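Scroll down for the structure; my scribbles are underneath it.
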Ligand SMILES: CSc1ccccc1N(C)C(=O)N1CC[C@H](C(N)=O)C1
Ligand SMILES: [Zn+2]
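In the UniProt record's numbering, the protein residues as written are 869 to 1008.
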């Protein structure tokens, strides 16, 4: 589990969005596994606006933050799970690192701020849904 809190927005994995989230929807994209809901209080996370390919992510199944190198956002095939059939997920970045299903939502950060959240993984890999292209998260 986990979320990004920027301005009056809450960014979570779409497959983990609560009942409170769909009743306050701003934008969602199933192909990206992202959902953004509106919040009453202002958040303090800064979104990175960069092309970094190294950062640090939080891994809840190990209670540890790990430094990682990751690929640029791309269209990647993701196996079937209880949340989606087998499909291509877009804007996904992969790294070599530990992840278990409940690690989704952990933040990936670089020197510029938040890059994305854990969204996929297994077999010694971890995949992150990029949020750096969502420029509107910074305004209105
Ligand atoms: C860190 S995800 C993970 C970890 C280890 C094993 C498997 C996983 N997968 C694949 C997983 O449970 N999902 C649920 C939905 C998600 C998605 N974006 O499609 C992927
Ligand atoms: Zn950066």
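A virtual CB, placed ideally from N, CA and C, is assigned to each residue, including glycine.
Which residues in the same chain as residue i place their Cβ atom closer than 8 Å to its Cβ, once the five residues preceding and following it in sequence are excluded?
i, result
"residue 934", "924, 925, 927, 965 and 966"
"residue 894", "877, 904, 905 and 906"
Around the Cβ of residue i, are there at least 16 other Cβ atoms within 10 angstroms (buried) or fewer (exposed)?
i, result
"residue 1001", "exposed"
"residue 945", "exposed"
"residue 953", "exposed"
"residue 908", "exposed"
"residue 956", "exposed"
"residue 1006", "exposed"
"residue 1003", "exposed"
"residue 891", "exposed"
"residue 929", "exposed"
"residue 959", "buried"
In terms of residue numbering, what span does the beta strand (DSSP E) encompassing residue i cover?
i, result
"residue 876", "872-881"
"residue 890", "That residue, residue 890, is in no beta strand (DSSP E); its alpha helix (DSSP H) goes 887-890."
"residue 895", "893-897"
"residue 998", "993-998"
"residue 932", "932-937"
Closer than 6 Å by C-beta to residue i: which residues in its own chain qualify, once you throw out the five before and the five after it? Chain order, please.
i, result
"residue 913", "872, 873, 874 and 982"
"residue 918", "980"
Relative to the alpha-carbon of residue i, which residue among the options has its alpha-carbon at the smallest distance?
i, options, result
"residue 980", "906, 915, 986 and 907", "915"
"residue 948", "989, 881, 940 and 959", "989"
"residue 997", "899, 937 and 922", "899"
"residue 968", "977, 931 and 978", "931"
"residue 941", "987, 896, 971 and 951", "987"
"residue 951", "901, 896 and 971", "901"
"residue 936", "911, 991 and 977", "977"
"residue 897", "921, 883 and 922", "883"
With a threshold of 6 Å (Cβ to nearest heavy atom), would residue i be considered close to ligand 4?
i, result
"residue 1008", "Among the ligands modelled here, namely ligand 1 and ligand 2, ligand 4 does not occur."
Leaving out five residues before and five after residue i in sequence, what residues of the same chain have Cβ atoms less than 7 Å from its Cβ?
i, result
"residue 962", "938, 939, 944, 993 and 995"
"residue 870", "973, 974, 975 and 985"
"residue 880", "871, 889, 903 and 973"
Give me the pocket residues for ligand 2, defined as CB within less than 5 Å of any heavy atom, sorted by chain position.
Those residues, listed in chain order, are 916, 918, 920, 978 and 980.
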